[PDB]
$ cat input.pdb   # PDB, C-alpha atoms
ATOM      1  CA  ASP A 159     -10.091 -44.696  20.609  1.00  0.00           C
ATOM      2  CA  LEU A 160      -9.342 -41.840  23.015  1.00  0.00           C
ATOM      3  CA  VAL A 161      -5.966 -42.896  24.422  1.00  0.00           C
ATOM      4  CA  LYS A 162      -4.641 -43.512  20.912  1.00  0.00           C
ATOM      5  CA  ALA A 163      -5.942 -40.042  20.045  1.00  0.00           C
ATOM      6  CA  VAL A 164      -3.948 -38.500  22.887  1.00  0.00           C
ATOM      7  CA  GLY A 165      -0.999 -40.607  21.730  1.00  0.00           C
ATOM      8  CA  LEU A 166      -0.924 -38.575  18.518  1.00  0.00           C
ATOM      9  CA  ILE A 167      -0.375 -35.270  20.313  1.00  0.00           C
ATOM     10  CA  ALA A 168       2.062 -36.369  23.016  1.00  0.00           C
ATOM     11  CA  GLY A 169       3.422 -39.306  21.027  1.00  0.00           C
ATOM     12  CA  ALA A 170       6.180 -37.193  19.505  1.00  0.00           C
ATOM     13  CA  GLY A 171       6.577 -35.476  22.868  1.00  0.00           C
ATOM     14  CA  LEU A 172       6.194 -31.999  21.396  1.00  0.00           C
ATOM     15  CA  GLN A 173       2.760 -30.596  22.230  1.00  0.00           C
ATOM     16  CA  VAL A 174       0.978 -31.129  25.551  1.00  0.00           C
ATOM     17  CA  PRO A 175      -2.786 -31.831  25.393  1.00  0.00           C
ATOM     18  CA  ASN A 176      -4.824 -30.390  28.265  1.00  0.00           C
ATOM     19  CA  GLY A 177      -8.385 -30.141  26.925  1.00  0.00           C
ATOM     20  CA  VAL A 178     -10.887 -32.705  25.661  1.00  0.00           C
ATOM     21  CA  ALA A 179     -14.409 -32.325  24.253  1.00  0.00           C
ATOM     22  CA  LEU A 180     -16.776 -35.289  23.938  1.00  0.00           C
ATOM     23  CA  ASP A 181     -20.090 -35.961  22.214  1.00  0.00           C
ATOM     24  CA  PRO A 182     -23.013 -36.801  24.570  1.00  0.00           C
ATOM     25  CA  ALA A 183     -23.495 -40.155  22.812  1.00  0.00           C
ATOM     26  CA  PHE A 184     -19.773 -40.938  22.944  1.00  0.00           C
ATOM     27  CA  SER A 185     -19.470 -40.013  26.622  1.00  0.00           C
ATOM     28  CA  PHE A 186     -21.859 -42.865  27.416  1.00  0.00           C
ATOM     29  CA  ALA A 187     -19.889 -45.349  25.317  1.00  0.00           C
ATOM     30  CA  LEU A 188     -16.866 -44.715  27.539  1.00  0.00           C
ATOM     31  CA  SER A 189     -16.816 -47.745  29.837  1.00  0.00           C
ATOM     32  CA  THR A 190     -17.261 -46.942  33.528  1.00  0.00           C
ATOM     33  CA  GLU A 191     -14.368 -48.830  35.113  1.00  0.00           C
ATOM     34  CA  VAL A 192     -12.517 -46.992  37.931  1.00  0.00           C
ATOM     35  CA  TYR A 193      -9.442 -48.349  39.727  1.00  0.00           C
ATOM     36  CA  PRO A 194      -9.570 -51.356  42.105  1.00  0.00           C
ATOM     37  CA  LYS A 195      -8.831 -51.269  45.847  1.00  0.00           C
ATOM     38  CA  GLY A 196      -5.110 -51.943  45.442  1.00  0.00           C
ATOM     39  CA  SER A 197      -4.063 -49.063  43.186  1.00  0.00           C
ATOM     40  CA  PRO A 198      -3.189 -45.695  44.811  1.00  0.00           C
ATOM     41  CA  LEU A 199      -5.905 -44.061  42.689  1.00  0.00           C
ATOM     42  CA  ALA A 200      -8.706 -46.179  44.155  1.00  0.00           C
ATOM     43  CA  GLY A 201     -12.174 -44.669  43.827  1.00  0.00           C
ATOM     44  CA  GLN A 202     -11.342 -42.378  40.916  1.00  0.00           C
ATOM     45  CA  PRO A 203     -12.934 -42.752  37.454  1.00  0.00           C
ATOM     46  CA  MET A 204     -10.516 -44.302  34.947  1.00  0.00           C
ATOM     47  CA  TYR A 205     -12.299 -42.546  32.080  1.00  0.00           C
ATOM     48  CA  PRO A 206     -14.380 -39.375  31.503  1.00  0.00           C
ATOM     49  CA  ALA A 207     -17.643 -41.314  31.005  1.00  0.00           C
ATOM     50  CA  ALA A 208     -21.053 -40.170  32.252  1.00  0.00           C
ATOM     51  CA  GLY A 209     -22.812 -40.218  35.616  1.00  0.00           C
ATOM     52  CA  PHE A 210     -19.770 -39.091  37.579  1.00  0.00           C
TER      53      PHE A 210
ATOM     54  CA  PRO B  54      18.935 -21.451  18.221  1.00  0.00           C
ATOM     55  CA  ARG B  55      22.076 -23.590  17.996  1.00  0.00           C
ATOM     56  CA  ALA B  56      25.297 -22.747  19.835  1.00  0.00           C
ATOM     57  CA  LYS B  57      28.722 -23.062  18.216  1.00  0.00           C
ATOM     58  CA  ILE B  58      32.099 -24.149  19.585  1.00  0.00           C
ATOM     59  CA  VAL B  59      34.843 -21.626  18.850  1.00  0.00           C
ATOM     60  CA  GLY B  60      38.521 -21.334  19.745  1.00  0.00           C
ATOM     61  CA  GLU B  61      40.792 -18.405  20.580  1.00  0.00           C
ATOM     62  CA  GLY B  62      40.780 -16.324  17.408  1.00  0.00           C
ATOM     63  CA  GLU B  63      38.127 -18.330  15.575  1.00  0.00           C
ATOM     64  CA  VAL B  64      35.129 -16.569  14.005  1.00  0.00           C
ATOM     65  CA  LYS B  65      31.971 -16.415  16.125  1.00  0.00           C
ATOM     66  CA  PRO B  66      29.059 -17.087  13.715  1.00  0.00           C
ATOM     67  CA  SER B  67      25.321 -16.393  13.955  1.00  0.00           C
ATOM     68  CA  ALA B  68      21.970 -18.149  13.543  1.00  0.00           C
ATOM     69  CA  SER B  69      18.426 -17.083  12.656  1.00  0.00           C
ATOM     70  CA  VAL B  70      14.808 -17.004  13.823  1.00  0.00           C
ATOM     71  CA  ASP B  71      11.837 -18.807  12.266  1.00  0.00           C
ATOM     72  CA  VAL B  72       8.764 -16.641  12.851  1.00  0.00           C
ATOM     73  CA  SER B  73       5.175 -17.115  11.677  1.00  0.00           C
ATOM     74  CA  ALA B  74       1.657 -15.687  11.950  1.00  0.00           C
ATOM     75  CA  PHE B  75      -2.062 -16.471  11.832  1.00  0.00           C
ATOM     76  CA  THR B  76      -5.099 -14.376  10.908  1.00  0.00           C
ATOM     77  CA  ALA B  77      -8.791 -14.410  11.818  1.00  0.00           C
ATOM     78  CA  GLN B  78     -11.697 -12.553  10.224  1.00  0.00           C
ATOM     79  CA  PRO B  79     -14.481 -11.277  12.524  1.00  0.00           C
ATOM     80  CA  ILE B  80     -17.835 -12.906  11.734  1.00  0.00           C
ATOM     81  CA  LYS B  81     -21.293 -11.506  12.463  1.00  0.00           C
ATOM     82  CA  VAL B  82     -23.940 -13.938  13.708  1.00  0.00           C
ATOM     83  CA  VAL B  83     -27.602 -13.203  14.458  1.00  0.00           C
ATOM     84  CA  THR B  84     -30.913 -14.921  15.178  1.00  0.00           C
ATOM     85  CA  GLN B  85     -34.461 -13.560  15.032  1.00  0.00           C
ATOM     86  CA  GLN B  86     -37.878 -14.653  16.292  1.00  0.00           C
ATOM     87  CA  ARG B  87     -41.274 -13.550  14.973  1.00  0.00           C
ATOM     88  CA  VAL B  88     -43.772 -13.244  17.832  1.00  0.00           C
ATOM     89  CA  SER B  89     -47.318 -11.935  17.351  1.00  0.00           C
ATOM     90  CA  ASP B  90     -48.469  -9.288  19.837  1.00  0.00           C
ATOM     91  CA  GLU B  91     -51.549 -11.442  20.433  1.00  0.00           C
ATOM     92  CA  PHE B  92     -49.199 -14.094  21.822  1.00  0.00           C
ATOM     93  CA  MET B  93     -47.360 -11.781  24.218  1.00  0.00           C
ATOM     94  CA  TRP B  94     -50.701 -10.887  25.801  1.00  0.00           C
ATOM     95  CA  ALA B  95     -51.508 -14.530  26.513  1.00  0.00           C
ATOM     96  CA  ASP B  96     -47.916 -14.782  27.728  1.00  0.00           C
ATOM     97  CA  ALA B  97     -48.805 -12.422  30.579  1.00  0.00           C
ATOM     98  CA  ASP B  98     -52.441 -13.469  31.004  1.00  0.00           C
ATOM     99  CA  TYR B  99     -52.065 -17.178  31.791  1.00  0.00           C
ATOM    100  CA  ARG B 100     -48.706 -16.325  33.375  1.00  0.00           C
ATOM    101  CA  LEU B 101     -46.740 -18.925  31.415  1.00  0.00           C
ATOM    102  CA  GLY B 102     -43.208 -17.605  30.968  1.00  0.00           C
ATOM    103  CA  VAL B 103     -42.745 -18.618  27.343  1.00  0.00           C
ATOM    104  CA  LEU B 104     -41.069 -15.347  26.373  1.00  0.00           C
ATOM    105  CA  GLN B 105     -39.421 -14.635  29.728  1.00  0.00           C
TER     106      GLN B 105
ATOM    107  CA  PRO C  54     -23.731  15.833  -0.059  1.00  0.00           C
ATOM    108  CA  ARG C  55     -26.576  17.971  -1.416  1.00  0.00           C
ATOM    109  CA  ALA C  56     -30.003  18.186   0.216  1.00  0.00           C
ATOM    110  CA  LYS C  57     -33.235  18.154  -1.781  1.00  0.00           C
ATOM    111  CA  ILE C  58     -36.427  20.202  -1.467  1.00  0.00           C
ATOM    112  CA  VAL C  59     -39.186  17.986  -0.082  1.00  0.00           C
ATOM    113  CA  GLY C  60     -42.928  18.522  -0.394  1.00  0.00           C
ATOM    114  CA  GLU C  61     -45.368  17.424   2.302  1.00  0.00           C
ATOM    115  CA  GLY C  62     -45.869  14.151   0.432  1.00  0.00           C
ATOM    116  CA  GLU C  63     -42.838  13.408  -1.746  1.00  0.00           C
ATOM    117  CA  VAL C  64     -40.217  10.845  -0.716  1.00  0.00           C
ATOM    118  CA  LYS C  65     -37.160  12.167   1.121  1.00  0.00           C
ATOM    119  CA  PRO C  66     -34.233  10.802  -0.947  1.00  0.00           C
ATOM    120  CA  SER C  67     -30.708   9.773   0.059  1.00  0.00           C
ATOM    121  CA  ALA C  68     -27.396  11.225  -1.115  1.00  0.00           C
ATOM    122  CA  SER C  69     -24.265   9.235  -1.938  1.00  0.00           C
ATOM    123  CA  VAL C  70     -20.949   9.953  -0.222  1.00  0.00           C
ATOM    124  CA  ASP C  71     -17.940   7.739  -0.921  1.00  0.00           C
ATOM    125  CA  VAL C  72     -15.464   7.225   1.916  1.00  0.00           C
ATOM    126  CA  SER C  73     -12.018   5.952   0.944  1.00  0.00           C
ATOM    127  CA  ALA C  74      -8.905   4.980   2.906  1.00  0.00           C
ATOM    128  CA  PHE C  75      -5.209   5.712   2.398  1.00  0.00           C
ATOM    129  CA  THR C  76      -2.112   3.934   3.674  1.00  0.00           C
ATOM    130  CA  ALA C  77       1.395   5.204   4.382  1.00  0.00           C
ATOM    131  CA  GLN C  78       4.385   2.947   4.998  1.00  0.00           C
ATOM    132  CA  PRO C  79       7.018   4.314   7.409  1.00  0.00           C
ATOM    133  CA  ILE C  80      10.303   5.316   5.767  1.00  0.00           C
ATOM    134  CA  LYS C  81      13.638   5.878   7.487  1.00  0.00           C
ATOM    135  CA  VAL C  82      15.847   8.796   6.437  1.00  0.00           C
ATOM    136  CA  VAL C  83      19.442   8.973   7.658  1.00  0.00           C
ATOM    137  CA  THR C  84      22.223  11.541   7.269  1.00  0.00           C
ATOM    138  CA  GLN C  85      25.751  10.551   8.262  1.00  0.00           C
ATOM    139  CA  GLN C  86      29.092  12.364   8.353  1.00  0.00           C
ATOM    140  CA  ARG C  87      32.617  11.628   9.580  1.00  0.00           C
ATOM    141  CA  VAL C  88      35.049  14.126  11.091  1.00  0.00           C
ATOM    142  CA  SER C  89      38.630  13.597  12.254  1.00  0.00           C
ATOM    143  CA  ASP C  90      39.574  13.333  15.930  1.00  0.00           C
ATOM    144  CA  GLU C  91      42.026  16.214  15.484  1.00  0.00           C
ATOM    145  CA  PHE C  92      39.208  18.354  14.095  1.00  0.00           C
ATOM    146  CA  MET C  93      36.895  17.461  16.992  1.00  0.00           C
ATOM    147  CA  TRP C  94      39.701  18.556  19.304  1.00  0.00           C
ATOM    148  CA  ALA C  95      40.257  21.777  17.355  1.00  0.00           C
ATOM    149  CA  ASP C  96      36.611  22.757  17.804  1.00  0.00           C
ATOM    150  CA  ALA C  97      36.902  22.374  21.587  1.00  0.00           C
ATOM    151  CA  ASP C  98      40.300  24.049  21.955  1.00  0.00           C
ATOM    152  CA  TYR C  99      39.665  27.248  19.982  1.00  0.00           C
ATOM    153  CA  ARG C 100      36.070  27.812  21.138  1.00  0.00           C
ATOM    154  CA  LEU C 101      35.090  27.465  17.479  1.00  0.00           C
ATOM    155  CA  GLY C 102      31.658  25.895  17.927  1.00  0.00           C
ATOM    156  CA  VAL C 103      31.582  24.316  14.464  1.00  0.00           C
ATOM    157  CA  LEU C 104      30.254  20.961  15.689  1.00  0.00           C
ATOM    158  CA  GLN C 105      27.305  22.671  17.394  1.00  0.00           C
TER     159      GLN C 105
ATOM    160  CA  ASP D   4     -25.576   2.429  -1.912  1.00  0.00           C
ATOM    161  CA  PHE D   5     -24.040   2.880   1.543  1.00  0.00           C
ATOM    162  CA  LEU D   6     -20.790   3.288   3.482  1.00  0.00           C
ATOM    163  CA  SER D   7     -19.215  -0.135   3.976  1.00  0.00           C
ATOM    164  CA  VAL D   8     -16.327  -1.155   6.223  1.00  0.00           C
ATOM    165  CA  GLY D   9     -14.621  -2.760   3.236  1.00  0.00           C
ATOM    166  CA  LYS D  10     -13.426   0.429   1.563  1.00  0.00           C
ATOM    167  CA  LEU D  11     -12.017   1.470   4.927  1.00  0.00           C
ATOM    168  CA  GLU D  12      -9.402  -1.283   5.199  1.00  0.00           C
ATOM    169  CA  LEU D  13      -9.166  -1.881   8.947  1.00  0.00           C
ATOM    170  CA  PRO D  14      -5.849  -2.657  10.690  1.00  0.00           C
ATOM    171  CA  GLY D  15      -6.866  -4.885  13.601  1.00  0.00           C
ATOM    172  CA  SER D  16      -5.530  -6.093  16.941  1.00  0.00           C
ATOM    173  CA  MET D  17      -2.549  -8.098  18.194  1.00  0.00           C
ATOM    174  CA  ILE D  18      -3.128 -11.279  20.202  1.00  0.00           C
ATOM    175  CA  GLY D  19       0.503 -11.239  21.290  1.00  0.00           C
ATOM    176  CA  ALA D  20       3.623 -13.354  20.870  1.00  0.00           C
ATOM    177  CA  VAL D  21       3.325 -17.064  21.637  1.00  0.00           C
ATOM    178  CA  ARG D  22       6.098 -19.660  21.540  1.00  0.00           C
ATOM    179  CA  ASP D  23       5.152 -22.899  19.758  1.00  0.00           C
ATOM    180  CA  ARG D  24       6.874 -25.481  21.959  1.00  0.00           C
ATOM    181  CA  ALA D  25       7.822 -25.581  25.620  1.00  0.00           C
ATOM    182  CA  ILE D  26      11.542 -24.948  26.039  1.00  0.00           C
ATOM    183  CA  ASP D  27      13.773 -28.031  26.201  1.00  0.00           C
ATOM    184  CA  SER D  28      16.658 -26.317  28.001  1.00  0.00           C
ATOM    185  CA  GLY D  29      18.736 -29.052  29.624  1.00  0.00           C
ATOM    186  CA  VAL D  30      19.076 -32.379  31.418  1.00  0.00           C
ATOM    187  CA  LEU D  31      22.742 -32.491  32.432  1.00  0.00           C
ATOM    188  CA  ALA D  32      22.022 -29.686  34.903  1.00  0.00           C
ATOM    189  CA  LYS D  33      19.400 -31.808  36.673  1.00  0.00           C
ATOM    190  CA  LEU D  34      21.263 -35.119  36.904  1.00  0.00           C
ATOM    191  CA  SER D  35      24.775 -33.958  37.791  1.00  0.00           C
ATOM    192  CA  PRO D  36      25.094 -30.811  39.965  1.00  0.00           C
ATOM    193  CA  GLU D  37      27.329 -28.192  38.337  1.00  0.00           C
ATOM    194  CA  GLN D  38      30.719 -27.976  40.041  1.00  0.00           C
ATOM    195  CA  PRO D  39      32.269 -24.696  38.807  1.00  0.00           C
ATOM    196  CA  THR D  40      36.034 -24.184  38.600  1.00  0.00           C
ATOM    197  CA  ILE D  41      38.509 -21.520  37.493  1.00  0.00           C
ATOM    198  CA  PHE D  42      39.486 -21.117  33.844  1.00  0.00           C
ATOM    199  CA  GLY D  43      41.802 -23.701  32.317  1.00  0.00           C
ATOM    200  CA  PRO D  44      41.831 -27.470  31.710  1.00  0.00           C
ATOM    201  CA  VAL D  45      40.707 -30.054  34.250  1.00  0.00           C
ATOM    202  CA  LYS D  46      42.324 -33.405  34.993  1.00  0.00           C
ATOM    203  CA  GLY D  47      41.735 -36.346  37.307  1.00  0.00           C
ATOM    204  CA  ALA D  48      43.413 -39.617  38.248  1.00  0.00           C
ATOM    205  CA  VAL D  49      41.568 -42.943  38.226  1.00  0.00           C
ATOM    206  CA  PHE D  50      42.864 -45.973  40.129  1.00  0.00           C
ATOM    207  CA  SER D  51      41.234 -49.090  38.685  1.00  0.00           C
ATOM    208  CA  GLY D  52      41.524 -52.790  39.475  1.00  0.00           C
ATOM    209  CA  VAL D  53      42.488 -54.856  42.507  1.00  0.00           C
TER     210      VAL D  53
END

$ encode --input "input.pdb" --output "structure tokens"
Amino acid sequence: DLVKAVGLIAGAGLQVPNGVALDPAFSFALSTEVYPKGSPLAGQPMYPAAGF
Amino acid sequence: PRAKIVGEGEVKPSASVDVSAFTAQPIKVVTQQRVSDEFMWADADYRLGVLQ
Amino acid sequence: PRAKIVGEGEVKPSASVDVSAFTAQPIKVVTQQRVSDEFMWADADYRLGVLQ
Amino acid sequence: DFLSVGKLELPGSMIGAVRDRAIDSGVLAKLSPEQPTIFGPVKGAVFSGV
């Protein structure tokens, strides 16, 4: 619901989104996932989320 | 603007500019609190920083 | 504004002054004139000083 | 009643001049390095096949 929201701004490849504001209740709904050991971005949060 | 291919002796044409504008009216926002002077005394007596 | 005589008890009233605002759009005035090259030469050759 | 700031029609301030989109200049200049020549036509020979 967030990635498809970004895909409306950069989908046409015109504007470039750089800021995002979340609701405290929504920021908890964002699944804490992070990247596995293999990927070059290991240890980094895959989503905004909460707790980080 | 869009360029135009011309030959030796051919007329060199012109284009245009599409300008625009946005406006914003200044808004005044306030907030007031009604605090009895009997309360401010207890605020400094029991030393509970309710107003500070 | 006109002040009013006030007794030691009567209410000191308020006068009414109306401030307005004008607006002037900039206008361009232009005066042109064409003289011949031969004339321009003649002014410089005979110390005439017509052009100045 | 009183002197408002409505009668006195205020001008304001200018934020500036912003361009809507980022400029999409070129791509041919990034893929194939420009090899400048003198004025006039250009021509090349191509030997194809074995």

$ atom_distance --input "input.pdb" --atom1 "CA of residue 12 in chain D" --atom2 "CA of residue 74 in chain C"
6.7 Å

$ closest_atom_pairs --input "input.pdb" --of "chain D" --to "chain A" --cutoff "9 Å" --atoms "only C-alpha atoms" --output "JSON lines"
{"residue": "D:23", "atom": "CA", "partner": "A:173", "partner_atom": "CA", "distance": 8.4}
{"residue": "D:24", "atom": "CA", "partner": "A:173", "partner_atom": "CA", "distance": 6.6}
{"residue": "D:25", "atom": "CA", "partner": "A:172", "partner_atom": "CA", "distance": 7.9}

$ calpha_fit_rmsd --input "input.pdb" --fixed "chain C" --moving "chain B"
2.6 Å

$ resolve_selection --input "input.pdb" --expression "the PyMOL selection byres ((chain B and resi 79) around 12)" --output "PyMOL selection string"
(chain B and resi 76-78+80-82) or (chain D and resi 13+15-16)

$ atom_distance --input "input.pdb" --atom1 "CA of residue 195 in chain A" --atom2 "CA of residue 208 in chain A"
21.4 Å

$ resolve_selection --input "input.pdb" --expression "the ChimeraX specification (/C :<12) & /D" --output "ChimeraX atom specification"
/D:4-14

$ residues_around --input "input.pdb" --residues "residue 204 in chain A" --least-positions-apart "5" --cutoff "12 Å" --atoms "all atoms listed in the file" --output "list in words"
residues 161, 188, 189, 190, 191, 192, 193, 194, 197, 199 and 210 of chain A

$ residues_around --input "input.pdb" --residues "residue 93 in chain C" --least-positions-apart "6" --cutoff "12 Å" --atoms "all atoms listed in the file" --output "ChimeraX atom specification"
/C:87,99-105

$ atom_distance --input "input.pdb" --atom1 "CA of residue 98 in chain B" --atom2 "CA of residue 84 in chain B"
26.8 Å

$ resolve_selection --input "input.pdb" --expression "the PyMOL selection byres ((chain C and resi 56) around 10)" --output "compact mmCIF listing (two decimals) with C-alpha atoms, in the coordinates of the input"
# COMPACT_ATOMS: atom_id res chain seq x y z
CA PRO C 54 -23.73 15.83 -0.06
CA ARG C 55 -26.58 17.97 -1.42
CA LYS C 57 -33.24 18.15 -1.78
CA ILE C 58 -36.43 20.20 -1.47
CA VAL C 59 -39.19 17.99 -0.08
CA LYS C 65 -37.16 12.17 1.12
CA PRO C 66 -34.23 10.80 -0.95
CA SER C 67 -30.71 9.77 0.06
CA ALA C 68 -27.40 11.22 -1.12

$ residues_around --input "input.pdb" --residues "residue 207 in chain A" --least-positions-apart "2" --cutoff "6 Å" --atoms "all atoms listed in the file" --output "PyMOL selection string"
chain A and resi 185-186+188+205

$ residues_around --input "input.pdb" --residues "residue 179 in chain A" --least-positions-apart "3" --cutoff "12 Å" --atoms "all atoms listed in the file" --output "PyMOL selection string"
chain A and resi 160+175-176+182+184-185+206-207
